[PDB]
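Presented below is the structure to which this report refers.
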Amino acid sequence: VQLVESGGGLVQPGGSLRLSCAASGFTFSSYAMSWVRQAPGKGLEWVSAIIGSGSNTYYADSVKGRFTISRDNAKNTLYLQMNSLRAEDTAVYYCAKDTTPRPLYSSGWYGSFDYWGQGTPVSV
Amino acid sequence: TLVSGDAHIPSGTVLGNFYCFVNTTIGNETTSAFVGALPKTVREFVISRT
Amino acid sequence: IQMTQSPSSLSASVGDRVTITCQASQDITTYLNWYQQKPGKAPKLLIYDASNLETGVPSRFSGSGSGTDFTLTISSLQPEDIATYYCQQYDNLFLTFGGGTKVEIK
Ligand SMILES: *[C@@H]1O[C@H](CO)[C@@H](O[C@@H]2O[C@H](CO)[C@@H](O)[C@H](O)[C@H]2NC(C)=O)[C@H](O)[C@H]1NC(C)=O
Ligand SMILES: *[C@@H]1O[C@H](CO)[C@@H](O)[C@H](O)[C@H]1NC(C)=O
Ligand SMILES: *[C@@H]1O[C@H](CO)[C@@H](O)[C@H](O)[C@H]1NC(C)=O
């Protein structure tokens, strides 16, 4: 199992980015995914999560309405769209994989991330 | 049977011929599990990633 | 949901019996995860469901608790265990992590 993130960089306040995370070594469409960030020298904060199908998407209130999560099951790629960034949004963003496989016709719970990516920096 | 170590050898076996085992470690833990028997002479060995 | 872990930091000698707690301020029943983040690397899952030991971490670790109080213990603190530990609930899908706790050898 392997996760690799990309798309980090430096953008002005109010800018936008196209964070991406490729997945390999497991059936991608069976597991929910979530992005979690770590501010410099701070604890982990959950940002957004998406189930396997993609019908349900959840966002934390600090990011609600500004970001947009998506996934493309055809080529095992998880995306995160950042819009109207602020100063406190700067952090290291990790893409995580849940531990519970679920059928593609189901919508379900999540929250036991067993694998994590290397993380990518985002500065504003 | 001293080298195998584990006591879970299934019944119906006959003492006197070679049985193949596997030792699986989980950190500082070691367990012996019985897998079966193999022919006396082998000509090719093949192992898959799965 | 809020989580608070005590102590914020601790230090113990090699082979000691370090114990770190976490509380949920709300009935979580059993839904708690324990992570470990070594400095500069991604976290790893140690315990899920507050007590189920993961398949790739030695039995030195243990976890217990229910409701509002939870606890993670290291039976014999080895030098490899210097890291930051976090508790994370999943009773609500807007899941939250704790503030962390750091260990130290002496
Ligand atoms: C696989 O594990 C077994 C235990 O099931 C080992 O057998 C024991 O090994 C220890 C350590 O050397 C000895 O002190 C004991 O005398 C052994 N026998 C018993 C009955 O406990 C075995 O050595 C391991 N084998 C391999 C090939 O690694
Ligand atoms: C084990 O193998 C040796 C090989 O020389 C053989 O002599 C011996 O009889 C076998 N042991 C038993 C207990 O059958
Ligand atoms: C395993 O634990 C025993 C008892 O503490 C110790 O003697 C042995 O050296 C340890 N080995 C490893 C590889 O952790």
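Filter segment A:65-98 down to residues that are free of Cβ contacts under 8 Å to residues at least 40 places away in the same chain, surrounded by fewer than 20 Cβ atoms within 10 Å (Cβ to Cβ) and of a type outside the set (D, E, K, R) and give me whichever is farthest from the other protein chains (Cβ to nearest Cβ).
Among residues in segment A:65-98 that are free of Cβ contacts under 8 Å to residues at least 40 places away in the same chain, surrounded by fewer than 20 Cβ atoms within 10 Å (Cβ to Cβ) and of a type outside the set (D, E, K, R), the one farthest from the other protein chains (Cβ to nearest Cβ) is A:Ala74.
Can you pull out every residue in segment B:27-50 that is within 14 Å of another protein chain (Cβ to nearest Cβ) and either within 9 Å of ligand 1 (Cβ to nearest atom) or among the small types (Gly, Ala, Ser) (or both)? I'd like the intermediate steps shown before the answer.
Within segment B:27-50, the first condition is being within 14 Å of another protein chain (Cβ to nearest Cβ), and the residues that meet it are B:27-31, B:49-50.
Scanning segment B:27-50 gives B:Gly27, B:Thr30, B:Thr31.
Tell me, which strands (runs of 3 or more DSSP E) wholly within chain C include 1 or more residues that are more than 13 Å from chain A (Cβ to nearest Cβ)? Explain how you work it out, then say what you get.
Numbers: elements: C:4-6, C:19-23, C:32-37, C:44-48, C:61-66, C:69-74, C:84-89.
Here the list reads C:4-6, C:19-23, C:61-66, C:69-74.
Can you tell me which residue within segment B:6-26, out of those that are away from every other protein chain (no Cβ under 14 Å) and in a strand (DSSP E or B), is nearest to ligand 1 (Cβ to nearest atom)?
Start the filter on segment B:6-26 by keeping residues that are away from every other protein chain (no Cβ under 14 Å), which leaves B:6-23.
Then drop every residue that is not in a strand (DSSP E or B), which leaves B:15, B:17, B:20-23.
Working: B:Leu15: 15, B:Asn17: 18, B:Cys20: 11, B:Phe21: 7, B:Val22: 9, B:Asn23: 4 Å.
That would be B:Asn23.
Filter segment B:3-20 down to residues that are more than 16 Å from ligand 2 (Cβ to nearest atom) and either under 30 Å from C:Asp81 (Cα atoms) or not charged (D, E, K, R) (or both), then give me how many there are.
Taking segment B:3-20 first, the residues more than 16 Å from ligand 2 (Cβ to nearest atom) are B:6-8, B:10-12.
Right, trim to either under 30 Å from C:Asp81 (Cα atoms) or not charged (D, E, K, R) (or both) and you get B:7-8, B:10-12.
Looking only at that region, the number is 5.
Take segment B:21-50 and flag every residue that is within 27 Å of C:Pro58 (Cα to Cα) and within 16 Å of ligand 2 (Cβ to nearest atom).
B:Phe21
For the condition within 17 Å of A:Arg18 (Cβ to Cβ) and out of contact with any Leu (no Cβ under 7 Å at 6 or more places or on another chain), what is the one hit in A:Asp72, A:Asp61?
On the way: A:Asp61 fails: within 17 Å of A:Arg18 (Cβ to Cβ).
Selected residue: A:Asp72, the only one of A:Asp72, A:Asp61 that is within 17 Å of A:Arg18 (Cβ to Cβ) and out of contact with any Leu (no Cβ under 7 Å at 6 or more places or on another chain).
Considering only residues that are touching a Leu at 6+ places or on another chain (Cβ under 8 Å) and loosely packed, with under 13 Cβ neighbours inside 10 Å, which ones fall in segment C:4-16?
From segment C:4-16, those touching a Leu at 6+ places or on another chain (Cβ under 8 Å) are C:12-16; that's our starting set.
Matches in segment C:4-16: C:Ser13, C:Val14, C:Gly15.
So if I check each of B:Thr24, B:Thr41, B:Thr30, which one is exposed (fewer than 10 other Cβ atoms within 10 Å of the Cβ) and within 16 Å of ligand 3 (Cβ to nearest atom)? Please lay out each step first, then the result.
On the way: B:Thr41 fails: within 16 Å of ligand 3 (Cβ to nearest atom); B:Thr30 fails: exposed (fewer than 10 other Cβ atoms within 10 Å of the Cβ).
Answer to the selection: B:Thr24.
Would you pick out the residues in segment A:12-59 that are β-branched (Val, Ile, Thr) and either part of a strand (DSSP E or B) or surrounded by 14 or more Cβ atoms within 10 Å (Cβ to Cβ) (or both)? Before you say what the answer is, go through the steps one by one.
In the first step, residues of segment A:12-59 are kept if they are β-branched (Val, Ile, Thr); the result is A:27, A:36, A:47, A:50-51, A:57.
Those that are β-branched (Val, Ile, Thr) and either part of a strand (DSSP E or B) or surrounded by 14 or more Cβ atoms within 10 Å (Cβ to Cβ) (or both): A:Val36, A:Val47, A:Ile50, A:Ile51, A:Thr57.
So which of C:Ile1, C:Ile82 is touching a residue at least 60 places away in the same chain (Cβ under 8 Å) and surrounded by fewer than 19 Cβ atoms within 10 Å (Cβ to Cβ)? Can you show your working first?
On the way: C:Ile82 fails: touching a residue at least 60 places away in the same chain (Cβ under 8 Å).
Exactly one residue qualifies, and that residue is C:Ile1.
Taking the options C:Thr30, C:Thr55, C:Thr19, name whichever one is of a type in the set (S, T, N, Q) and farther than 24 Å from A:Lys97 by Cα. Break it down stepwise before answering.
Working: C:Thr30 fails: farther than 24 Å from A:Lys97 by Cα; C:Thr55 fails: farther than 24 Å from A:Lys97 by Cα.
None of the other options fit; the residue is C:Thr19.
Tell me which of these A:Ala74 doesn't satisfy, since it passes every other one: (1) assigned to a strand (DSSP E or B); (2) farther than 28 Å from C:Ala83 by Cα.
(1)
Restricting segment A:100-120 to residues that are surrounded by fewer than 17 Cβ atoms within 10 Å (Cβ to Cβ) and closer than 21 Å to A:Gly25 by Cα, which is nearest to the other protein chains (Cβ to nearest Cβ)? Before the answer, list the steps.
To start, the set of residues in segment A:100-120 that are surrounded by fewer than 17 Cβ atoms within 10 Å (Cβ to Cβ) comprises A:100-101, A:103-109, A:118.
Within this subset, residues satisfying the condition of being closer than 21 Å to A:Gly25 by Cα are A:100-101, A:103-104, A:118.
Numbers: A:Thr100: 10, A:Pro101: 14, A:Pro103: 18, A:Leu104: 19, A:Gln118: 6 Å.
By that ranking, first place goes to A:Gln118.
Positions of Cβ are backbone-derived with ideal geometry, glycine not excepted, and every protein chain shown enters the neighbour counts. Taken together, the values in this text are just the output of simple stated rules run on the coordinates, not laboratory data.
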